[PDB]
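Chemist: Experimental structure below, sequence on top.
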Amino acid sequence: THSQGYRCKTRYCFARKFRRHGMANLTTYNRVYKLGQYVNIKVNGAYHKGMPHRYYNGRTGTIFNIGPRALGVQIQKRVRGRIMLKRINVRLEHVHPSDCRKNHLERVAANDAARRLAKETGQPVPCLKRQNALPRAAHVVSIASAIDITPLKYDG
Amino acid sequence: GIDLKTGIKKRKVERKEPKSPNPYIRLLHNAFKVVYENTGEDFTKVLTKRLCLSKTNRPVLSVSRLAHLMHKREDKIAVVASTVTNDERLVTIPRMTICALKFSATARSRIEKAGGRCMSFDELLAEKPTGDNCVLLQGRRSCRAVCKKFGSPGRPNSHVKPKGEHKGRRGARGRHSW
Amino acid sequence: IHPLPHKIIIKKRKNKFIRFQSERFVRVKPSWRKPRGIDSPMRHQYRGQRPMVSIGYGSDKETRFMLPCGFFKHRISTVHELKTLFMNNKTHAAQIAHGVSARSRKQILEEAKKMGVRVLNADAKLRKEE
Amino acid sequence: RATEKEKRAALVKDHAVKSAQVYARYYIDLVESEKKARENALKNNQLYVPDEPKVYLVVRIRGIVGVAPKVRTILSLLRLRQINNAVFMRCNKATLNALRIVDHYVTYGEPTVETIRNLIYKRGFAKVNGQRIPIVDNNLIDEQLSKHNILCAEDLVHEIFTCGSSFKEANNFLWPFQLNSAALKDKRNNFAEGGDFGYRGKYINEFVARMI
Amino acid sequence: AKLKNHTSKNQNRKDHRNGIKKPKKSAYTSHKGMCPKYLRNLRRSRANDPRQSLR
Amino acid sequence: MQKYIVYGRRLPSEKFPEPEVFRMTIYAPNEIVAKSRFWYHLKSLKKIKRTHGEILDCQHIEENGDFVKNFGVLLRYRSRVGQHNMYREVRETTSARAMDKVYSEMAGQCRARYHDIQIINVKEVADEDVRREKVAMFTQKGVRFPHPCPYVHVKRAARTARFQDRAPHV
RNA sequence: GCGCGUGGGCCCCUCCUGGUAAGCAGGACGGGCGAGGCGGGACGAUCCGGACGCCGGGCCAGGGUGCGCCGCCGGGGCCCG
């Protein structure tokens, strides 16, 4: 690069989508935000105030500050061998809620629900640990109709 | 032949001995290390290592700090691995048993006048070697003037002070000066 | 005159680790020097080069310093100094020093003969009768 | 207190004599069960797919020079740090996926009970206090794995062959096996292209027998 | 005359030699850049009842 | 060299609780290579990648080989120009044994390795049906031919250290 | 915490820019030589294997096995390397 201004190499990044140009859906302003919430930062090109740099696009973070018209987000940038927490102030339009912890949050509640039953009906508790697929099993499969397949002669 | 660098963070050096030419310190370190080996007590392990630490690592605890630190537990014996220096600012010192490597002349007199006992590490090894009814107390290690000037004065987030007079306005008058 | 039985002494290298290029020049004395040159064939240990001094060549701690007679050496210069060998040094043996004159060697050897201490150089300076 | 060492020996020995007798009958029940199940399926024009492999024996076949940074990390976790070293792995999607990344540096397959016992008894060493201590007696296995219910050597061979609950603790207990030189033929082609790297399946046992 | 203008080779290795260091723990909780009003309220709120260290 | 009947099917899905089973007769050195070839085929012929499906059974079919039969092999090989189609007939005792003779004569004459060649089919052809003369001459009731290589008894001379008194007659 | 050396690099793999091209110039991921012994590639800094205390026995990688020169045969096909 010979020119490195705030918005360099942002031709396809900060551009709007095919049919998604225009003003922001009012939910972006309406959505409530809480301190410590996980937020995914996706820059919207139309709004120009509070725009995070192209580096901050695609970065999940946590809301250090909830302030008038702006959310402060702590994202971790690896500069050289040191990952540094960077505190950025992004306006509503360029920040979105993140489902990063949603699977953990879902699992915590499901684990408790099985445990709650284990305290009452069906006292034994099922394993509440994720298993990484595991190596299949046995089973008997009916060959019955098995299609005999042959490599096909080259065409061209 | 063997990749032994992928997950190993390298050996970390520590003071396994007291570098002190002082006989008494070497004799006490060996004494409490033998206790620790025979009786595996944390108090004797922490004391064994505290004896091996350097003078900068071991700061003085004053007779006003020890009074405040032992205010709730006057019964418990206050074990210091450095020197007790008196605080004249504390007019009246409370009475307590203290065991330190050294005690300044004023601090030996003040505690004894109060009715307290100035014990020694040999007396501790004889009376309470494992450390029953004893508390290991330390002085502030960052109290050193050198520690305060460590860093990069001139960096925005330093909060350090420059080494030397400097006497000029570039970089010192503000974040925007310079 | 006989030592403790001991374990076979094994020497890793009989030869003496001559310095590199000590044959080519008289100025380079054969005392070992670590090869420390940018393009030194000896330090790169390429094939055919002389061997390199290393701790691997070290002899067994138990048999190290032991002389071929199975005894260790203590260099004595006087009859009082035969007190080290006197204090139950059944393992060690005595060497008289080169400075000690034949007059004094005779006295030292008599004390050794009473103690039973073996003297390694017991024929030294014994030229006929003085 | 000095005594009771003999009392543990009696309990450990008792578990050993009963375990070998029961485990061997368990292993022979498997062959009869699989062959009969295959016969039953054959009558119904069905095929009995056997269980997909539960444990793999993985042997490093390439050396420490020029290894990629990711490949080095995966092989370190797989405890393969030197050529000719072998470790057991548990077959899971995560383990299987990372094996594919380091396939060029290893050969793997499913070990038989005979292969398991020979490695455990001829080349088996333990990690105690991070030290490689030879496995010559059942007492050592009991002093580290009875918490994991593995008092005897046969109790260990069962844990690895049948991928039991205490597999993570028993496989870590065994120190990565250090084995003799591998016969190989081509170390750069894959057992599927005629070379030796990658999955060899039942042939892992033949490869390991030479290196014991 | 002309020498190399730029190289990145080894720089990643040098970074990962002991690196990929996480950024402290105090930084994740620091009150730098926080809302001046919220911070004043926090001080007033923690300056009353058991939390208060005012004596 | 072996002859295997590898059976396979895509992994059961919600849309397809029972998937169709495919059977392939694959000649290969070992079971591991045989299952790789089966999936090389199902990946292209049926869009079933190995990770998508599973091998129900790999079954080694051994053969009785006490009588010579003419095995005709149709195959496709990729040359330096590109894929070609070829029919080769080999007279051998067993189908695995004739596949070895076909892959020996495909590497030697056409310079195609086992992974370049794909065998369309192997089927025993009777003497009347042989279309290739190199196999036809042998099929006739009585074949009398001089020993093709009677000088090959020079194996005897390596032992002799080549120091025989007279030059041996052939 | 204290501090040293370094800040002319160059090769391989793959991905590239300028150029007719270059053992040319300029970049990228990883590796290597630098600073890596040793066996092979006839010879070579970097290639292919292997990365080194001193030894004895055993195995065998890569690369080979007429004779220089350690180590080979058996089978199928082809044939003025």
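Modeler: Structure received. Numbering: from 1, shown residues only, chains lettered A, B, ... in the order given.

Chemist: switch to C-alpha atoms for all contacts and neighbour counts from now on
Modeler: Fine.

Chemist: what's the longest helix in the chain?
Modeler: Using chain A here. Ranked by residue count and defined by DSSP state H, the top helix of chain A is helix A:102-119.

Chemist: could you do chain E instead?
Modeler: Ranked by number of residues, the top helix in chain E under DSSP H is helix E:36-46.

Chemist: and it, does that touch chain A?
Modeler: No: Helix E:36-46 lies apart from chain A when judged by C-alpha under 8 Å from any C-alpha of the partner chain; the minimum separation is 8.9 Å.

Chemist: Only alpha carbons, please: show that helix as PDB.
Modeler: The C-alpha trace of helix E:36-46 is given here as PDB (Å, rounded to 0.1, in the frame of the first residue of the first chain):
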ATOM      1  CA  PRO E  36     -17.900  10.400  33.500                       C
ATOM      2  CA  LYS E  37     -21.500  10.400  34.900                       C
ATOM      3  CA  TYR E  38     -21.800   6.600  35.500                       C
ATOM      4  CA  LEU E  39     -18.400   6.600  37.300                       C
ATOM      5  CA  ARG E  40     -19.500   9.500  39.600                       C
ATOM      6  CA  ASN E  41     -22.700   7.500  40.400                       C
ATOM      7  CA  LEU E  42     -20.600   4.400  41.100                       C
ATOM      8  CA  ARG E  43     -18.400   6.300  43.600                       C
ATOM      9  CA  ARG E  44     -21.500   7.800  45.400                       C
ATOM     10  CA  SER E  45     -23.200   4.400  45.400                       C
ATOM     11  CA  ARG E  46     -20.200   2.600  46.800                       C
END
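
Chemist: who's in contact with it?
Modeler: Helix E:36-46 is contacted from outside by E:31, E:52, using C-alpha atoms under 8 Å, 6 or more residues apart in numbering or on different chains.

Chemist: rerun that using 10 Å as the cut-off
Modeler: Applying C-alpha atoms under 10 Å, 6 or more residues apart in numbering or on different chains, the contact partners of helix E:36-46 are A:65, A:66, A:67, E:31, E:32, E:47, E:51, E:52, E:53, E:54.

Chemist: Of the residues you listed, just the buried ones, ChimeraX syntax please.
Modeler: Selection of the buried residues among these in ChimeraX, burial being defined by 16 or more other C-alpha atoms under 10 Å in any protein chain shown:
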select /A:65,66
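
Chemist: re earlier: now the longest helix of chain A: buried residues?
Modeler: Here helix A:102-119 shows A:114, A:115 as buried, counting by 16+ other C-alpha under 10 Å.

Chemist: now for the following helix or strand past it, which elements pack on it?
Modeler: With elements assigned by DSSP states H and E, the helix or strand that comes after helix A:102-119 is strand A:140-142. The contact analysis (3 or more C-alpha pairs under 10 Å, 6 or more residues apart in numbering or on different chains; DSSP states H and E) places strand A:140-142 against helix D:5-43, strand D:46-48.

Chemist: Recalculate using a threshold of 8 Å.
Modeler: Judged by 3 or more C-alpha pairs under 8 Å, 6 or more residues apart in numbering or on different chains; DSSP states H and E, strand A:140-142 is in contact with strand D:46-48.

Chemist: where does the closest residue to chain E within chain A fall, phi/psi-wise?
Modeler: Nearest residue of chain A to chain E, counting by C-alpha to the nearest C-alpha: residue A:81, 4.2 Å away. Main-chain torsions, residue A:81, degrees, to the nearest 10: phi -90, psi 0.

Chemist: residues contacting it?
Modeler: Contacts here follow C-alpha under 8 Å, 6+ apart; on that basis residue A:81 touches E:14, E:15, E:16, E:18, E:19, E:20, E:21.

Chemist: And for residue A:99?
Modeler: With contacts defined as C-alpha under 8 Å, 6+ apart, residue A:99 is in contact with residue A:38.

Chemist: quick one: strands adjacent to the longest strand anywhere in chain B?
Modeler: Looking across chain B with DSSP state E, the single longest strand is strand B:77-85. Strand pairing for strand B:77-85, determined by DSSP bridges: strand B:61-62 (parallel), strand B:97-103 (parallel), strand B:134-137 (parallel).

Chemist: Which of those strands sits closest to RNA strand G?
Modeler: For the strands paired with strand B:77-85, proximity to RNA strand G was assessed by C-alpha to the nearest atom of the strand; strand B:61-62 is nearest, at 22.7 Å.

Chemist: Strands of chain D, residue ranges please.
Modeler: Under DSSP E, chain D gives strands at D:46-48, D:55-60, D:85-90, D:106-109, D:125-128, D:131-134, D:177-178, D:198-199.

Chemist: and these as a markdown table, adding mean neighbour count and distance to chain F?
Modeler: A markdown table is the format used below for the strands of chain D (neighbours: other C-alpha atoms under 10 Å in any protein chain shown; distance: least, C-alpha to the nearest C-alpha, whole Å):
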| stretch | mean neighbour count | distance to chain F |
| --- | --- | --- |
| strand D:46-48 | 21 | 7 |
| strand D:55-60 | 25 | 15 |
| strand D:85-90 | 23 | 19 |
| strand D:106-109 | 25 | 11 |
| strand D:125-128 | 18 | 32 |
| strand D:131-134 | 14 | 35 |
| strand D:177-178 | 20 | 25 |
| strand D:198-199 | 24 | 8 |
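
Chemist: so can I have TSV of those strands showing distance to residue B:98?
Modeler: Below are these laid out as TSV (distance: least, C-alpha to C-alpha, whole Å):
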stretch	distance to residue B:98
strand D:46-48	80
strand D:55-60	62
strand D:85-90	57
strand D:106-109	64
strand D:125-128	43
strand D:131-134	44
strand D:177-178	57
strand D:198-199	69
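
Chemist: Looking at these, spot the one closest to chain B.
Modeler: That would be, of the strands of chain D and by C-alpha to the nearest C-alpha, strand D:85-90, which comes in at 9.8 Å.

Chemist: partners of that closest one, with directions?
Modeler: With DSSP bridges as the test, strand D:85-90 is paired with strand D:55-60 (antiparallel), strand D:177-178 (antiparallel).

Chemist: ok so residue F:85 is a strand residue?
Modeler: Yes: under DSSP: H, G, I helix; E, B strand; the rest coil, residue F:85 falls within a strand.

Chemist: What is the burial count for it?
Modeler: Using other C-alpha atoms under 10 Å in any protein chain shown, residue F:85 has 16 other residues around it.

Chemist: Could you tell me which residues make contact with it?
Modeler: A:153, A:154, F:74, F:75, F:76, F:77.

Chemist: you'd agree residue A:72 is up against residue A:87?
Modeler: Yes: at 6.5 Å, residue A:72 counts as touching residue A:87 under the criterion of C-alpha atoms under 8 Å.

Chemist: Quick check: chain neighbours aside, which residue is closest to the residue sitting nearest the centre point of chain E?
Modeler: With distances taken as C-alpha atoms, centre = their mean, the residue of chain E nearest its centroid is residue E:27 (3.0 Å). Using C-alpha to C-alpha, 6 or more residues apart in numbering or on different chains and skipping residues adjacent in sequence, the residue nearest residue E:27 is residue A:85, 7.2 Å away.
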